[PDB]
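J.: Using the authors' numbering, read the sequence shown as starting at 2 and increasing by one per residue. In this text, a Cβ means the ideal position worked out from N, Cα and C, and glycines have one as well. Can you keep this structure in mind? I'll have questions shortly.
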Amino acid sequence: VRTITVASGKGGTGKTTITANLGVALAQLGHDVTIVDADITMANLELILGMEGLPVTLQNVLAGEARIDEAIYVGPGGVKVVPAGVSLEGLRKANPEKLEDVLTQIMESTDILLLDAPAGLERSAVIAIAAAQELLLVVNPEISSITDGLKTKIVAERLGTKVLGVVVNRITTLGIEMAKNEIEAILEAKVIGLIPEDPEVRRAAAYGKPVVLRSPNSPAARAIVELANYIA
Numbered sequence: 002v003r004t005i006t007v008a009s010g011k012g013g014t015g016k017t018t019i020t021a022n023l024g025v026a027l028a029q030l031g032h033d034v035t036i037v038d039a040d041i042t043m044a045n046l047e048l049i050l051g052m053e054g055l056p057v058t059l060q061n062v063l064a065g066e067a068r069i070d071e072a073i074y075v076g077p078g079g080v081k082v083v084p085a086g087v088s089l090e091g092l093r094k095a096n097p098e099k100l101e102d103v104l105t106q107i108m109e110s111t112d113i114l115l116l117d118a119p120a121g122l123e124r125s126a127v128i129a130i131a132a133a134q135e136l137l138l139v140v141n142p143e144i145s146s147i148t149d150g151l152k153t154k155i156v157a158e159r160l161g162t163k164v165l166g167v168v169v170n171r172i173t174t175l176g177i178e179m180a181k182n183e184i185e186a187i188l189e190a191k192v193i194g195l196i197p198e199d200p201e202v203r204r205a206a207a208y209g210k211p212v213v214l215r216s217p218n219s220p221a222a223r224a225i226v227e228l229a230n231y232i233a
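Now the structure itself:
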């Protein structure tokens with residue numbers, strides 16, 4: 002019923018980390034959550050969720066080789082995952098109608114649908130943004146990252162996707178306050194999450210257990226469930 006796309010400007014902000022743990026934190030709060038991994042890249046949801054290879058993807062479901070139920074897997078903490086298999090652009094050109102109904106079937110199966118959009122502003126990304134009602138923008142406290150994020154914000158507004166708020170990932174807790182105001186001023190939007198730089202989210206990735214479960218008290222984890230609370 003609630004569809005949110007997580008997107009960013011450049012390619013290395015750490016958004017997939019936020020999407021995965023956000024979903025796990027959301028599921029831990031009792032919400033029926035589903036993440037559709039639209040980022041056909043290495044170091045994605047499968048790695049961070051510590052999940053084993055996923056056989057059936059949407060590409061299979063769109064080709065009529067399988068039922069959507071077969072492309073929905075259960076991950077850590079109860080979060081569900083749906084692999085796109087092929088870029089959204091591809092699925093969309095293959096059959097626009099089918100793609101929409103399948104997305105509908107998915108929305109039916111949950112309360113919250115998170116779309117891990119591909120890195121930047123490619124066709125597949127804008128499609129992901131337009132497909133959601135809300136956009137969760139992820140940026141780093143670096144200028145380049147913040148301006149690239151502004152373009153993403155703009156695209157969402159051009160399309161009619163409402164900005165849920167912006168998440169600043171990997172900030173040093175020292176200046177935060179001034180930084181937050183500064184960032185909110187640059188891309189005129191509200192930051193609803195400040196995830197401090199944390200070695201633990203890197204080790205979480207390397208070993209396959211989301212920080213939210215691996216290290217519940219690390220500052221990154223607490224910041225993320227904090228964000229899931231705001232969102233839910």
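(1) Excluding the 5 residues preceding and the 5 following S219 in the sequence, name in chain order all residues of the same chain whose CB lies nearer than 7 Å to its CB.
(2) In the DSSP output, which residue or residues are listed as bridge partners for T4?
(3) With a threshold of 16 other CB atoms inside 10 Å of the CB of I155, please say whether the residue is buried or exposed.
(4) Using three-state DSSP, classify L137 as helix, strand or coil.
(5) Assign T58 to one of three DSSP states: helix, strand, or coil.
(6) Below 8 Å on the Cβ atoms is my guess for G76 versus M108; work out the distance and round it to an integer in Å.
(7) Using 8 Å for Cβ pairs, my map puts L188 next to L151. What's the rounded Cβ distance?
(8) If distances are taken between C-alpha atoms only, which option among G13, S9, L23 comes closest to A221?
(9) Roughly how many whole angstroms lie between the Cα atoms of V2 and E143?
(10) Taking DSSP as the reference, what is the three-state secondary structure of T35?
(11) Which residue marks the beginning of the beta strand (DSSP E) containing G194, and which one marks its end?
(12) Going by DSSP in three states, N182 sits in which element: helix, strand or coil?
(13) Please say whether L122 and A133 have beta carbons closer to each other than 7 Å?
(14) Give a yes or no on whether the C-beta atoms belonging to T111 and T35 are separated by under 7 Å.
(15) Assuming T58 and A39 form a contact by the criterion Cβ under 8 Å, report the distance between their Cβ atoms to the nearest whole angstrom.
(16) Check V127 in the structure and name its three-state DSSP category.
(17) Per DSSP, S9 forms a beta bridge with which residues?
(18) May I ask you to list the residues that DSSP assigns as paired with residue 318?
(19) Of the residues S145, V25, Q60, which one's Cα is nearest the Cα of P217?
T.: Result, derived from the coordinates:
(1) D199, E201, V212
(2) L114
(3) exposed
(4) strand
(5) coil
(6) About 18 Å separates the two Cβ atoms, so there is no contact after all.
(7) 4 Å
(8) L23
(9) 34 Å
(10) strand
(11) 192-197
(12) helix
(13) no
(14) yes
(15) Incorrect: roughly 11 Å between the Cβ atoms, too far for contact.
(16) helix
(17) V139
(18) Since the displayed the chain opens at 2 and closes at 233, residue 318 lies outside it and no answer follows.
(19) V25
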